[PDB]
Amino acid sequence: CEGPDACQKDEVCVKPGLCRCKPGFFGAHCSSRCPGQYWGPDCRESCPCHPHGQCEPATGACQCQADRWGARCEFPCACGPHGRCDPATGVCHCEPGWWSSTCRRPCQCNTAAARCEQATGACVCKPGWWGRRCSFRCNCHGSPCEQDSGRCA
(Lines of atoms letter the chains of each structure in order from A and count residues from 1; the text may use other names and numbers.)
(Lines give C-alpha, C1' and ligand atoms only; values in the text may rest on other atoms or scores of the structure.)
Protein backbone atom coordinates (compact mmCIF):
# COMPACT_ATOMS: atom_id res chain seq x y z
CA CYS A 1 0.00 0.00 0.00
CA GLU A 2 3.10 2.16 -0.52
CA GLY A 3 5.08 3.82 -3.28
CA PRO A 4 2.79 5.54 -5.76
CA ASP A 5 -0.13 4.06 -3.91
CA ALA A 6 1.31 5.36 -0.68
CA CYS A 7 -0.98 6.68 1.98
CA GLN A 8 0.09 10.02 3.46
CA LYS A 9 -0.90 10.94 7.00
CA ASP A 10 -4.54 11.54 8.02
CA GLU A 11 -5.61 8.73 5.66
CA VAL A 12 -5.84 4.96 6.05
CA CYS A 13 -5.25 2.11 3.62
CA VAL A 14 -8.72 0.74 2.96
CA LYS A 15 -7.67 -1.49 0.03
CA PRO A 16 -4.10 -2.52 -0.81
CA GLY A 17 -3.81 0.06 -3.58
CA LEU A 18 -6.27 2.64 -2.27
CA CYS A 19 -6.58 5.20 0.51
CA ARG A 20 -9.48 6.97 2.17
CA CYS A 21 -9.84 9.56 4.92
CA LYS A 22 -9.23 8.20 8.40
CA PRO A 23 -12.44 7.05 10.15
CA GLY A 24 -14.72 9.89 11.21
CA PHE A 25 -13.14 12.39 8.82
CA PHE A 26 -13.60 13.50 5.24
CA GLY A 27 -12.78 16.39 2.93
CA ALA A 28 -10.05 17.60 0.61
CA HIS A 29 -7.49 17.45 3.44
CA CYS A 30 -9.36 14.78 5.46
CA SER A 31 -9.99 17.57 7.93
CA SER A 32 -13.74 17.83 8.55
CA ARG A 33 -15.40 15.58 11.12
CA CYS A 34 -18.16 13.39 9.73
CA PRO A 35 -21.71 14.49 10.57
CA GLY A 36 -23.38 12.38 13.23
CA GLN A 37 -25.30 10.21 10.76
CA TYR A 38 -22.04 8.71 9.43
CA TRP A 39 -18.99 6.87 10.70
CA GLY A 40 -16.07 4.92 9.31
CA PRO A 41 -13.40 6.01 6.86
CA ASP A 42 -14.55 8.95 4.75
CA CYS A 43 -18.07 8.83 6.29
CA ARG A 44 -18.80 5.70 4.23
CA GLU A 45 -21.14 4.01 6.72
CA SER A 46 -24.39 4.89 8.45
CA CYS A 47 -24.97 5.67 12.11
CA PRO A 48 -28.43 4.36 13.05
CA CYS A 49 -28.50 6.23 16.34
CA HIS A 50 -28.46 9.91 15.32
CA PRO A 51 -29.58 12.37 16.38
CA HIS A 52 -29.54 12.13 20.19
CA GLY A 53 -26.37 10.11 19.71
CA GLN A 54 -23.39 9.32 17.55
CA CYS A 55 -21.36 6.28 16.59
CA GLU A 56 -17.77 5.62 17.55
CA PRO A 57 -15.86 6.80 14.44
CA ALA A 58 -13.84 3.59 13.97
CA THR A 59 -15.95 0.73 15.36
CA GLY A 60 -19.47 2.06 14.83
CA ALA A 61 -20.56 1.43 18.41
CA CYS A 62 -23.76 3.30 19.21
CA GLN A 63 -23.32 6.08 21.79
CA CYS A 64 -26.48 7.69 23.15
CA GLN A 65 -26.79 10.98 24.95
CA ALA A 66 -26.93 10.43 28.70
CA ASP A 67 -30.74 10.65 29.01
CA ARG A 68 -31.35 8.50 25.93
CA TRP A 69 -31.81 4.82 25.10
CA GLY A 70 -32.92 2.56 22.26
CA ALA A 71 -31.63 1.03 19.05
CA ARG A 72 -31.51 4.58 17.62
CA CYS A 73 -31.19 6.48 20.93
CA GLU A 74 -34.74 7.51 20.07
CA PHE A 75 -36.27 7.08 23.55
CA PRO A 76 -35.72 9.27 26.63
CA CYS A 77 -34.96 7.91 30.09
CA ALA A 78 -37.10 8.03 33.23
CA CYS A 79 -34.25 7.78 35.74
CA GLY A 80 -34.02 10.21 38.61
CA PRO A 81 -30.72 11.68 39.75
CA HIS A 82 -29.82 8.57 41.76
CA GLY A 83 -30.44 6.28 38.79
CA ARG A 84 -28.06 5.68 35.89
CA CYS A 85 -29.90 5.04 32.63
CA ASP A 86 -29.14 2.00 30.49
CA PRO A 87 -28.85 2.98 26.80
CA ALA A 88 -29.93 -0.49 25.65
CA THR A 89 -33.14 -0.99 27.62
CA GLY A 90 -34.08 2.20 29.45
CA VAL A 91 -33.66 0.40 32.78
CA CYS A 92 -32.65 2.70 35.63
CA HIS A 93 -29.81 1.20 37.66
CA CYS A 94 -30.11 2.46 41.23
CA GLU A 95 -27.09 3.52 43.18
CA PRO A 96 -27.10 1.71 46.55
CA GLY A 97 -29.75 3.16 48.83
CA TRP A 98 -32.33 3.85 46.12
CA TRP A 99 -35.22 1.94 44.59
CA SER A 100 -38.37 2.35 42.48
CA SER A 101 -38.09 1.86 38.72
CA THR A 102 -36.85 5.48 38.55
CA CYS A 103 -34.49 5.10 41.56
CA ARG A 104 -36.36 7.96 43.23
CA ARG A 105 -37.32 6.28 46.50
CA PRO A 106 -34.81 5.84 49.34
CA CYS A 107 -34.24 2.54 51.12
CA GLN A 108 -35.62 2.11 54.64
CA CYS A 109 -32.73 0.06 56.02
CA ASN A 110 -30.01 0.03 58.64
CA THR A 111 -26.37 0.73 57.85
CA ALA A 112 -25.54 -2.95 57.28
CA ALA A 113 -27.74 -3.10 54.18
CA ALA A 114 -25.78 -3.27 50.94
CA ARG A 115 -28.70 -1.93 48.94
CA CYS A 116 -32.39 -2.67 48.48
CA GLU A 117 -34.61 -4.41 45.93
CA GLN A 118 -35.76 -2.14 43.15
CA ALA A 119 -39.41 -3.23 43.06
CA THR A 120 -40.10 -3.36 46.78
CA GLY A 121 -37.47 -1.57 48.83
CA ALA A 122 -36.67 -4.89 50.52
CA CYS A 123 -33.31 -4.64 52.28
CA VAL A 124 -30.42 -6.78 51.00
CA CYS A 125 -27.90 -7.44 53.78
CA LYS A 126 -24.16 -7.16 53.66
CA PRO A 127 -22.77 -10.65 54.40
CA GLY A 128 -22.82 -11.26 58.13
CA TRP A 129 -26.07 -9.45 58.90
CA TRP A 130 -29.72 -10.47 59.00
CA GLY A 131 -33.10 -9.02 59.89
CA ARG A 132 -35.88 -7.22 58.04
CA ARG A 133 -33.63 -4.14 57.89
CA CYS A 134 -30.30 -5.97 58.33
CA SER A 135 -30.18 -4.76 61.94
CA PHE A 136 -28.81 -8.02 63.41
CA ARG A 137 -25.35 -9.56 63.28
CA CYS A 138 -25.16 -13.27 62.54
CA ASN A 139 -24.22 -15.65 65.33
CA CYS A 140 -22.07 -17.65 62.94
CA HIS A 141 -18.40 -16.88 63.73
CA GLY A 142 -18.28 -14.52 60.75
CA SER A 143 -20.15 -16.65 58.25
CA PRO A 144 -23.28 -15.10 56.71
CA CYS A 145 -26.74 -16.27 57.70
CA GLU A 146 -30.36 -16.29 56.54
CA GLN A 147 -32.02 -12.87 56.60
CA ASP A 148 -35.26 -13.87 58.30
CA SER A 149 -33.99 -16.35 60.88
CA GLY A 150 -30.27 -15.82 61.47
CA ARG A 151 -29.76 -19.51 60.73
CA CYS A 152 -26.09 -19.85 59.76
CA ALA A 153 -24.39 -20.71 56.47
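In case it trips you up, residue 1 is the first one in the sequence shown, and so on.
- Comparing 138-146 with 8-16, the higher mean C-alpha B-factor in the PDB entry belongs to 8-16.
- Relative to one another, 39-47 and 116-124 have unequal mean CA B-factors, and 39-47 is the one with the higher figure.
- In the PDB entry, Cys73 places in the middle third of its chain by CA B-factor.
- Ranked against the other modelled residues of its chain, the C-alpha B-factor of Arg33 as given in the entry falls in the middle third.
- For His52, the recorded CA temperature factor ranks within the highest third of the chain's modelled residues.
- Compared with the other modelled residues of the chain, the Cα B-factor recorded for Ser100 ranks in the lowest third.
- Sort the chain's modelled residues by C-alpha temperature factor and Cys62 lands in the middle third, per the entry.
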